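The chain that follows stands alone, in the form deposited in one PDB entry, written as structure tokens.
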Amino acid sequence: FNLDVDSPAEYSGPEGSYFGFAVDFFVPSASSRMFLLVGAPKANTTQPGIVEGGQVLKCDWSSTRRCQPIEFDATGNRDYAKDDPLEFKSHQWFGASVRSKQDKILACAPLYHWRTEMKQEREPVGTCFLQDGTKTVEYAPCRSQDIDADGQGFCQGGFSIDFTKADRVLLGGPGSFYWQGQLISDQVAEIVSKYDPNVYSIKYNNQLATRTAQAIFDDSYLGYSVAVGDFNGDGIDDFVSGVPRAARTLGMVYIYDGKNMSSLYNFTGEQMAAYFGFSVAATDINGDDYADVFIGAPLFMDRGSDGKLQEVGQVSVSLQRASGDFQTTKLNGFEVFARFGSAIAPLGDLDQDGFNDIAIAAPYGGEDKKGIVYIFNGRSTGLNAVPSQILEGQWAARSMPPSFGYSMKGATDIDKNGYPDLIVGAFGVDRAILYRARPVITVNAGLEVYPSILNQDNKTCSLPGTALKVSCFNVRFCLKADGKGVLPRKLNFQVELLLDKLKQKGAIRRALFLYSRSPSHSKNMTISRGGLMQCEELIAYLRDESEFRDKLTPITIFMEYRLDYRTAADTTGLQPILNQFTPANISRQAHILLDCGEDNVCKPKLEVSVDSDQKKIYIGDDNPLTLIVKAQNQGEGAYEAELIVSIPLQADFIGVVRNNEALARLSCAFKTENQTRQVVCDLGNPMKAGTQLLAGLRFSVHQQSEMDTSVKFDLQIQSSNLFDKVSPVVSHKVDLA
């Protein structure tokens, strides 16, 4: 979630050169500068007589965004005899796989063709060039004398490459032994020392290789993808390889011992032609020092909402345990035909939380099929199934799909800010894009209020301007922010305090600040990283006890803090980020003191009664009708108490009787809303316990239909309370005469 997407470092190569097909970081151990290693397998080099041999370019990140090729090989095709080209470097796809350790760079040409030492042939044995800064050697393990389709002649070594912790090169060629595939491991020191240009079939000591198998294992493509991790007791790196056509095109992943190339564990796909093993990643995702296996199946078809198979892709996450057990879960794709499991790139601890993260890309997803990359954050229980960030391709297809996300590289801090970066290569548009992770600021915000129960009678608070001595209560909010990586000590926060949250819908606001005299207050903070709770005191005063609508709804206090984003690392403005899984707001509740028994809620008992005193009215006249209504609450306080007299279509209201002291002068109104006309009269806010009301309402009735025979009223008291807020409905009938 902390990757910077607004201003990424965009790199461009020659048109049609497949620039960005392979990406990597170059971090020399003798220099403070870092470079991007971008392979362009179809680029035109300066080799004499070689067309589209491909090249690997190192790109300067500090300035000018310049990319300059690395001269692994400057000579053209060697000759076996006078007129007998020994090798064929044209269209060799050099740069299709780039790997880099501290000072070593491993670039391979899987489609490199060789004329063997026996007969004039063209065998894609594949070749690699290992550069140790000063000395560039050639590594061609599959250029041996076992040369045929049933040997290593079509091995295509360097299709997938990797580096182990013990300075070993894991090489995968999926063509060996009639396309069964092969894994070849060699020590880097042995490769450098044993190099000699005159000999082409160099035999390296201490080389670990997988042997040929039975013919029923043909066309399995072992070595299509490779990964390194530790999956047994010792510290050596074992060999994870994807075998996407194995088990009757079901797909398999072979884990081999890193010490003697012995089979360790197996993964098998659940669907055919899904390419289980197209991409393999090995990283610890739950932070317990056991490497986990991530296997992509970009062609996987799952059941949709209508039960039809849809090609969305899938990634299988297997968590390594103390024993050889693996806890396997599945991550399905989000868009059809997007090839979700195409590339899986470990990101390290992208947010410096404690668990490593991983990036999964669907290079044909998103709008216009540009490409999409998903970032998943590791948790203690595994991987979060919901991605936290979405990276979208921003370049349209020229002749071929942009394939944004076809290759990604991460887990390297290129700007020394403490967080790992991520390079994404879109070889369809010949682009390489560097995304920088932003510093994550974890904020522990608090909001303390003086006792939540507010007493309206307790009014020991002075006021400015008038000093009306009305009740008041305090609010205290504290802010502390800490984070890892490069981050200036003092961070600028602005906090806003809004009263009456969840109730502010154009209605009245009851809680007002003592000095600002406004429900909304905003204050800017300048707090330090790793500092104490910076707490400030504010005073808020309530309105008059008989001013706001009601005292039942709790007063809600809302604080919203946001980070001022002019916080740069003096590098083109890499702003920090707040933690995604933190509350950006904190809200507290304040209540009003109201005597409502021990249960803290007022539960009234509402009763209504009425007598006729006329018992008959004559049809032809406008008869004055006075109804004597008794409204009593024998329960507790009734908030916003009014009686509802729903008169029929016949009569209308005249006025309250005020000529006698036995009845009351209730404030009354005529209402017509919502298809029904009725009379309301205020009964007191609140309507106190045991209060017995008695009053009369004058009317005037004139019959509508000549056969009506009765006039029926309906009386009901209701309040805004939460329980027992309504009286039983009483219907009074007056007979027409």
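For the two forms, the rigid core is made up of the largest set of C-alpha atoms that agree within 1.5 Å on superposition. Just count from 1 along the sequence shown to find any residue number.
Beyond what is shown, the protein has a form deposited in another entry; the following relates to that form.
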Let me spell it out: fit the two forms on their rigid core, measure each listed C-alpha, and pick the one of 57, 701, 43, 34 that moves 2 Å or more between the shown form and the other one. Which is it? 701
Could you check whether the CA atom of residue 648 moves 2 Å or more between the shown form and the other one, using the rigid core for the fit? yes
Note yes or no: does the Cα of residue 568 move by 2 Å or more between the shown form and the other one after the core is superposed? yes
Align on the rigid core first; then say whether the Cα of residue 684 has moved by at least 2 Å between the shown form and the other one. yes
